[PDB]
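Notes follow the structure.
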Amino acid sequence: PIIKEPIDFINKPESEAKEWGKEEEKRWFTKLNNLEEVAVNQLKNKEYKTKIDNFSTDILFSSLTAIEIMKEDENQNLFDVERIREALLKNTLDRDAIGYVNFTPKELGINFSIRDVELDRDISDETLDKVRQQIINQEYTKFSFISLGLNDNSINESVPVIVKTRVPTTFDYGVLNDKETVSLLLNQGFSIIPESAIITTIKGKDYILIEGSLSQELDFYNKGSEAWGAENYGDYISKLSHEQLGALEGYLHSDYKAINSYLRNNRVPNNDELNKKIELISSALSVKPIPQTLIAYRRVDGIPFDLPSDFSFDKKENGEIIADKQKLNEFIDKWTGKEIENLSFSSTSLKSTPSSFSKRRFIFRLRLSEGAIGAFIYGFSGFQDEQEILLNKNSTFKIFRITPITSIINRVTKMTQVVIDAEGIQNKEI
């Protein structure tokens, strides 16, 4: 019939983006109930939008117990997040949309400066190259709703990177605007994969312009997925030899302390019996390697970072508990880019926040890549709740981003915690 171009207001008059935004908001609101409208309308206030976005991240990393407490308490922040989600489901793109997603350098794991030269106005090719090497083909999740600014009025001149992407037709969306900006609002939990980066000058200012692909990395946050374990590891026990099964059973039930200690102590003093069991457990975990990339979680206290076990990121101010931003910055700056070893086998769960681990502040959000040696512990008596994925000994990870959050522990207790994104790298030579 007639060629369909993408929504693209870049370099068009702001008045045209604005009137499109109003028309699209009007269309969207015809599909909403009053509470949904109230929830979405409040996003007009930048303070509330920041608050709700942060809250929408916090709840992915709070226990299902804590969520249920908030629902029975009629928590308006949680209901407002649910209402926004519901409003978005009602509205789908009929064309692709091009625009700028709200990622800062810190959210791309960049803690070094970008405009390094000529009174911190210009960007060196050296720095561009450093950014390219660190971020291209890495995947950075936006835990909150993601905003797509539709024209250059959306660019914050003080933020030296711009991330441009294309949102596919059929994706759910809302429309937001203020006086000078127009944006789409998209669902929580998309990621951006930077594909290229250049230096660009816009209205006399320099930026690294990143072209990113919008993606969805498989991740069940606090909800987990027993179904994933059943689908992928239903036949797992049927594939194990009797000796493999016995060795894995032993590790899951009775031998784990001994085996963990031995491995953590570099197998000194040598112990043949443990050596044999360990060979069988690694053998078992190699029978059905992780079949596709997905996220699993492991919460720890300060000990792995050489910090006191009860290291805290919170301080008191006027009787109020708030994040200690200096500590968060110190930790993020130090640990972004560092490697984390696991000399023994290590447990992870598809659930981000099992209640019994809810007060541990250091949340490893581990990318388990296709082919990683490990197994979901499915089919094993006593392990239905845990959704455990057991990883092979010597599984080493590199942290590539650390995101502060405020986890909700219970009705009266919140805690500053950090989500530590890490990817698999070569087993540390040992």
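To be explicit about the labels: the chains of the structure tokens are called A, B, and onward in the order shown, and within each one the residues are counted from 1, while ligands get numbers from 1 in the order they are shown.
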I need the helix (DSSP H, G or I) residues of region 192-316 of chain A per DSSP on the backbone, written as a ChimeraX atom specification. /A:226-233,237-239,242-253,256-264,272-285,303-305
Please, what distance in Å, to one decimal, runs between CA of residue 276 (chain A) and CA of residue 346 (chain A)?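 Separation between CA of residue 276 (chain A) and CA of residue 346 (chain A): 18.3 Å.
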Distance criterion (only C-alpha atoms): nearest to residue 175 (chain A) out of A:250, A:212, A:1, A:149: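 Comparing A:250, A:212, A:1, A:149 against residue 175 (chain A), the winner is A:149.
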Skipping near chain neighbours, those fewer than 3 positions away, what residues fall within 12 Å of residue 202 (chain A) using only C-alpha atoms, listed as a PDB file with N, CA, C and O atoms, in the first residue's frame?
ATOM      1  N   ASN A  11      15.672  15.803  14.766  1.00  0.00           N
ATOM      2  CA  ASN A  11      15.875  16.859  13.774  1.00  0.00           C
ATOM      3  C   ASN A  11      14.585  17.392  13.152  1.00  0.00           C
ATOM      4  O   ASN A  11      14.650  18.107  12.185  1.00  0.00           O
ATOM      5  N   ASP A 122      36.336  18.180  25.219  1.00  0.00           N
ATOM      6  CA  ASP A 122      36.525  17.307  24.081  1.00  0.00           C
ATOM      7  C   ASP A 122      36.876  15.906  24.483  1.00  0.00           C
ATOM      8  O   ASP A 122      37.312  15.649  25.606  1.00  0.00           O
ATOM      9  N   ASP A 152      16.359  15.742  20.134  1.00  0.00           N
ATOM     10  CA  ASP A 152      17.618  16.109  20.849  1.00  0.00           C
ATOM     11  C   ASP A 152      17.360  16.930  22.113  1.00  0.00           C
ATOM     12  O   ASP A 152      18.300  17.154  22.894  1.00  0.00           O
ATOM     13  N   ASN A 153      16.121  17.397  22.328  1.00  0.00           N
ATOM     14  CA  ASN A 153      15.789  18.053  23.593  1.00  0.00           C
ATOM     15  C   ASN A 153      15.944  17.105  24.773  1.00  0.00           C
ATOM     16  O   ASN A 153      16.064  17.552  25.929  1.00  0.00           O
ATOM     17  N   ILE A 155      18.517  15.132  25.166  1.00  0.00           N
ATOM     18  CA  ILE A 155      19.931  14.982  25.517  1.00  0.00           C
ATOM     19  C   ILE A 155      20.301  15.927  26.656  1.00  0.00           C
ATOM     20  O   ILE A 155      20.099  17.137  26.530  1.00  0.00           O
ATOM     21  N   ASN A 156      20.782  15.372  27.776  1.00  0.00           N
ATOM     22  CA  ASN A 156      21.349  16.157  28.872  1.00  0.00           C
ATOM     23  C   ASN A 156      22.788  16.501  28.496  1.00  0.00           C
ATOM     24  O   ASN A 156      23.630  15.607  28.413  1.00  0.00           O
ATOM     25  N   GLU A 157      23.080  17.787  28.260  1.00  0.00           N
ATOM     26  CA  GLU A 157      24.397  18.204  27.766  1.00  0.00           C
ATOM     27  C   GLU A 157      25.508  17.829  28.750  1.00  0.00           C
ATOM     28  O   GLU A 157      26.672  17.668  28.359  1.00  0.00           O
ATOM     29  N   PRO A 160      28.032  12.827  28.926  1.00  0.00           N
ATOM     30  CA  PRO A 160      28.876  12.804  27.734  1.00  0.00           C
ATOM     31  C   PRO A 160      28.678  11.598  26.806  1.00  0.00           C
ATOM     32  O   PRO A 160      29.426  11.454  25.866  1.00  0.00           O
ATOM     33  N   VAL A 161      27.698  10.748  27.107  1.00  0.00           N
ATOM     34  CA  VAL A 161      27.311   9.665  26.168  1.00  0.00           C
ATOM     35  C   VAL A 161      25.849   9.791  25.793  1.00  0.00           C
ATOM     36  O   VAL A 161      25.008  10.279  26.591  1.00  0.00           O
ATOM     37  N   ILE A 162      25.534   9.329  24.588  1.00  0.00           N
ATOM     38  CA  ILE A 162      24.144   9.330  24.069  1.00  0.00           C
ATOM     39  C   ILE A 162      23.962   7.910  23.559  1.00  0.00           C
ATOM     40  O   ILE A 162      24.797   7.425  22.836  1.00  0.00           O
ATOM     41  N   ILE A 199      32.597   9.478  18.181  1.00  0.00           N
ATOM     42  CA  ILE A 199      32.521  10.810  18.757  1.00  0.00           C
ATOM     43  C   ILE A 199      31.687  11.667  17.822  1.00  0.00           C
ATOM     44  O   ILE A 199      31.847  11.594  16.585  1.00  0.00           O
ATOM     45  N   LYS A 205      28.684  20.809  21.424  1.00  0.00           N
ATOM     46  CA  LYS A 205      29.190  19.962  22.525  1.00  0.00           C
ATOM     47  C   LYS A 205      29.576  18.566  22.020  1.00  0.00           C
ATOM     48  O   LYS A 205      28.936  18.074  21.114  1.00  0.00           O
ATOM     49  N   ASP A 206      30.600  17.920  22.609  1.00  0.00           N
ATOM     50  CA  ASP A 206      31.026  16.567  22.196  1.00  0.00           C
ATOM     51  C   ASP A 206      30.518  15.415  23.059  1.00  0.00           C
ATOM     52  O   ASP A 206      30.420  15.544  24.305  1.00  0.00           O
ATOM     53  N   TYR A 207      30.206  14.307  22.372  1.00  0.00           N
ATOM     54  CA  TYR A 207      29.570  13.142  23.011  1.00  0.00           C
ATOM     55  C   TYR A 207      30.100  11.893  22.374  1.00  0.00           C
ATOM     56  O   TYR A 207      30.465  11.864  21.182  1.00  0.00           O
ATOM     57  N   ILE A 208      30.138  10.815  23.141  1.00  0.00           N
ATOM     58  CA  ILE A 208      30.234   9.514  22.489  1.00  0.00           C
ATOM     59  C   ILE A 208      28.785   9.076  22.165  1.00  0.00           C
ATOM     60  O   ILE A 208      27.944   8.929  23.067  1.00  0.00           O
ATOM     61  N   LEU A 209      28.508   8.884  20.863  1.00  0.00           N
ATOM     62  CA  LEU A 209      27.183   8.443  20.393  1.00  0.00           C
ATOM     63  C   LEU A 209      27.305   6.942  20.208  1.00  0.00           C
ATOM     64  O   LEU A 209      28.109   6.446  19.410  1.00  0.00           O
TER      65      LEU A 209
END
Within 10 Å of residue 113 (chain A), counting only C-alpha atoms, which residues show up once you throw out same-chain ones fewer than 4 positions away? Write them as number ranges by chain, please. A: 105, 120, 123, 127, 160
Just the residues within 12 Å of residue 418 (chain A), please, counting only C-alpha atoms, with nothing from its chain fewer than 2 positions along; format it as a PyMOL selection string. chain A and resi 57-58+61+298-302+312-314+323+325+327-329+331-332+335-336+359-365+401-407+415-416+420-421
Neighbouring residues of residue 266 (chain A) were defined as those with any atom within 10 Å, considering only C-alpha atoms; residues of the same chain fewer than 5 positions away were excluded. Please report them as a PyMOL selection string. chain A and resi 261+343-344+430
Could you check which of A:231, A:23, A:310, A:96 is closest to residue 7 (chain A), using only C-alpha atoms?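 Using only C-alpha atoms, residue 7 (chain A) sits closest to A:96.
Distance-wise, CA of residue 253 (chain A) and CA of residue 232 (chain A) end up 22.6 Å apart.
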Using only C-alpha atoms, can you tell me which of A:146, A:135, A:412, A:245 comes closest to residue 321 (chain A)?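 Checking each of A:146, A:135, A:412, A:245 against residue 321 (chain A), counting only C-alpha atoms, the winner is A:412.
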Would you kindly return, as a PDB file with N, CA, C and O atoms, in the first residue's frame, each protein, DNA or RNA residue with an atom no farther than 8 Å from any atom of residue 185 (chain A), considering only C-alpha atoms and excluding same-chain residues fewer than 2 positions away?
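Written output follows (around.pdb):
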ATOM      1  N   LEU A  88       0.894  -0.111  30.232  1.00  0.00           N
ATOM      2  CA  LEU A  88       1.788  -0.358  29.079  1.00  0.00           C
ATOM      3  C   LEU A  88       1.338  -1.567  28.229  1.00  0.00           C
ATOM      4  O   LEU A  88       1.508  -1.572  27.023  1.00  0.00           O
ATOM      5  N   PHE A 145      11.490   0.801  34.309  1.00  0.00           N
ATOM      6  CA  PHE A 145      10.962   1.183  32.992  1.00  0.00           C
ATOM      7  C   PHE A 145      12.070   1.946  32.280  1.00  0.00           C
ATOM      8  O   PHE A 145      12.866   2.651  32.938  1.00  0.00           O
ATOM      9  N   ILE A 146      12.095   1.835  30.964  1.00  0.00           N
ATOM     10  CA  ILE A 146      13.085   2.522  30.150  1.00  0.00           C
ATOM     11  C   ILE A 146      12.364   3.629  29.376  1.00  0.00           C
ATOM     12  O   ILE A 146      11.173   3.480  29.015  1.00  0.00           O
ATOM     13  N   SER A 147      13.022   4.780  29.222  1.00  0.00           N
ATOM     14  CA  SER A 147      12.415   5.922  28.527  1.00  0.00           C
ATOM     15  C   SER A 147      13.133   6.086  27.208  1.00  0.00           C
ATOM     16  O   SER A 147      14.343   5.906  27.154  1.00  0.00           O
ATOM     17  N   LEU A 148      12.408   6.402  26.139  1.00  0.00           N
ATOM     18  CA  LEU A 148      13.037   6.635  24.837  1.00  0.00           C
ATOM     19  C   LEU A 148      12.759   8.081  24.439  1.00  0.00           C
ATOM     20  O   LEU A 148      11.607   8.392  24.054  1.00  0.00           O
ATOM     21  N   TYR A 173       4.107   0.214  24.887  1.00  0.00           N
ATOM     22  CA  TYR A 173       4.596   1.564  25.124  1.00  0.00           C
ATOM     23  C   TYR A 173       3.561   2.499  25.656  1.00  0.00           C
ATOM     24  O   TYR A 173       2.359   2.323  25.418  1.00  0.00           O
ATOM     25  N   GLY A 174       4.058   3.520  26.344  1.00  0.00           N
ATOM     26  CA  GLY A 174       3.311   4.655  26.773  1.00  0.00           C
ATOM     27  C   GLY A 174       4.024   5.863  26.243  1.00  0.00           C
ATOM     28  O   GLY A 174       5.125   5.746  25.666  1.00  0.00           O
ATOM     29  N   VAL A 175       3.384   7.009  26.399  1.00  0.00           N
ATOM     30  CA  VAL A 175       3.977   8.283  25.985  1.00  0.00           C
ATOM     31  C   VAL A 175       3.938   9.251  27.126  1.00  0.00           C
ATOM     32  O   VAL A 175       2.900   9.416  27.802  1.00  0.00           O
ATOM     33  N   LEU A 176       5.083   9.904  27.346  1.00  0.00           N
ATOM     34  CA  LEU A 176       5.184  10.909  28.363  1.00  0.00           C
ATOM     35  C   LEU A 176       5.678  12.210  27.760  1.00  0.00           C
ATOM     36  O   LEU A 176       6.457  12.186  26.822  1.00  0.00           O
ATOM     37  N   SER A 183       8.742  11.515  25.183  1.00  0.00           N
ATOM     38  CA  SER A 183       9.399  10.211  25.350  1.00  0.00           C
ATOM     39  C   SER A 183       8.404   9.063  25.298  1.00  0.00           C
ATOM     40  O   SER A 183       7.222   9.204  25.668  1.00  0.00           O
ATOM     41  N   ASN A 187       8.494  -1.188  28.969  1.00  0.00           N
ATOM     42  CA  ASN A 187       8.464  -2.110  30.098  1.00  0.00           C
ATOM     43  C   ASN A 187       9.806  -2.151  30.827  1.00  0.00           C
ATOM     44  O   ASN A 187      10.893  -1.843  30.269  1.00  0.00           O
TER      45      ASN A 187
END
Let me make sure I understand: among A:10, A:47, A:426, A:373, which one has the smallest atom-to-atom distance to residue 286 (chain A) if we use only C-alpha atoms?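 Answer, going by the shortest atom-to-atom distance: A:373.
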